[PDB]
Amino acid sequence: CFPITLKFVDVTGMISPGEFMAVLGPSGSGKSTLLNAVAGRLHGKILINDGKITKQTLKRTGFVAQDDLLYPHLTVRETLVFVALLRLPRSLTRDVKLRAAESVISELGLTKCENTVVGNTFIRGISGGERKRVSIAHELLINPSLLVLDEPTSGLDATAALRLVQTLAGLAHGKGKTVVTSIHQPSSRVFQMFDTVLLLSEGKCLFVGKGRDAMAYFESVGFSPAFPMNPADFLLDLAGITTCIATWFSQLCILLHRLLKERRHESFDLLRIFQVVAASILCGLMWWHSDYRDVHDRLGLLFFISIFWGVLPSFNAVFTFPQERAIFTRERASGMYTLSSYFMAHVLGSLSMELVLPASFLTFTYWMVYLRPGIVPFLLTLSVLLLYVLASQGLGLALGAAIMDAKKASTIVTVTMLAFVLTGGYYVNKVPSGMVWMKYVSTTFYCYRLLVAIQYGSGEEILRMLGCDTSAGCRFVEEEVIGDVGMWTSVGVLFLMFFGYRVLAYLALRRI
């Protein structure tokens, strides 16, 4: 392993190969600022191998941040191979990347829990120590030389912290690496395993040198312990185009494969299937063997279907982008994936996974309500319903990507969907003169018109079977069963919205 020599002036100290430096300071002293500046994230002189900070030096330095951002439903080995496939250079073969991932698994003691779901506070899985080990293994794949972590033992027990310090010191005394860490409140064994200790107070450095020399230095200065105690406690108290296409498509494929489990968890929730089944049963019971002559009942059923399947997916889509932002930023900063690949992977996964439920709903409902028999009408209404669902999910994604607050986005989406629903043409027919323009921007309007045109058409049939060829009543029936827009205009506008909402969501993401 190439040796890395570290120098910083204005705080000052040396970090050399084989030295396990630890930054010690009171909570709030400012250890995090120096720890981040040593890595190079921040933007006196800091010199690495007697040279200025350059991108050639940064490819061999890691940073295991305190925040552990891991995907829950992925096993340890699946996670690490996905990381390896996306982080290692593309010139190498797949088998070599897999072997590197396995070597990383083997050398960190994660063999015991290789086939175990990572999980989180919600889904049961690995413990905190294994989570931290996986976090370290994330950046151990690129073979770093300057490994600067940040609070690795925070939130862990004494035994787990001791074992983690054991592994971290072994990675520096057996591989020639410059492991630099910072510890909140060191224990006895944790402190005795130190090699170099840096004390920080109000940003000013109190002591630099070996940890063992700290006690002798301080007792020589004039300050000595008065009772049996931990020395660290005393210290704290004192203180080409083809290649580009191949890369893009490989990134998209890997991201889709990785996000499949999250997509499955998002859509196939037991508290969503229950609602869908209850809605289907109620729809099939309230309209059991409906008659085509009862126009108003069928129109109400169609409007209810439109309301339900415009409200559900649009509201369900506002949580995805704000919830994965930390992961997106952290892995993009490392060069794992770009915005385009991640966005398209999310779009394709959502499109694939958010269509099964409405299909089952319509399949159950169509043949019990006694709608128009045949194959062409059923296929046409299924296609219209799926297109409407996709457009509504597009609006949901756009509003979730515009502002990054989940509850504010939910409130705005509810207001927008209420405005759309109150202009679908079912509740109000005498729309005010200055208020007639918003029906053209409503997805529910186009979906309802398409469903009505599919089920009844121009309306001549039920017009003549009902009796007409009151006058006001038949005018009301006609204006219910005639279209203010054509059959193709609705489909065109639906497709245009489906594309435009995603385009706007991508632009809004690009700003942040």
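Here the rigid core means the biggest group of C-alpha atoms that line up within 1.5 Å when the two forms are laid on top of each other. From 1 onward, residues are counted along the sequence shown.
Rigid core fitted first, then name the stretch among 490-498 and 17-25 whose C-alphas deviate most from the displayed form in 6 other deposited structures of this protein.
The stretch that sits farther from the shown form in 6 other deposited structures of this protein is 17-25.
Rigid core superposition, C-alpha RMS per stretch in 6 other deposited structures of this protein: which comes out larger, 199-207 or 311-319?
Taking the RMS over all superposed structures in 6 other deposited structures of this protein, 199-207 lies farther out.
Compared with other deposited entries of this protein, is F63 missing coordinates in at least a third of those that cover its neighbours?
No: coordinates for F63 present in every compared entry.
Other compared entries: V477 unbuilt in at least a third?
Yes; at least one third of the other entries leave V477 out.
Checking chain continuity here. Are there deposited residues lacking coordinates between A239 and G240, and if so is it 1 to 3, 4 to 9, or 10 or more (or none)?
Gap between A239 and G240: 10 or more unmodelled residues.
I want to verify a possible break: how many residues of the deposited sequence sit between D10 and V11 without any coordinates (none, 1 to 3, 4 to 9, 10 or more)?
Per the record, 10 or more deposited residues are absent between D10 and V11.
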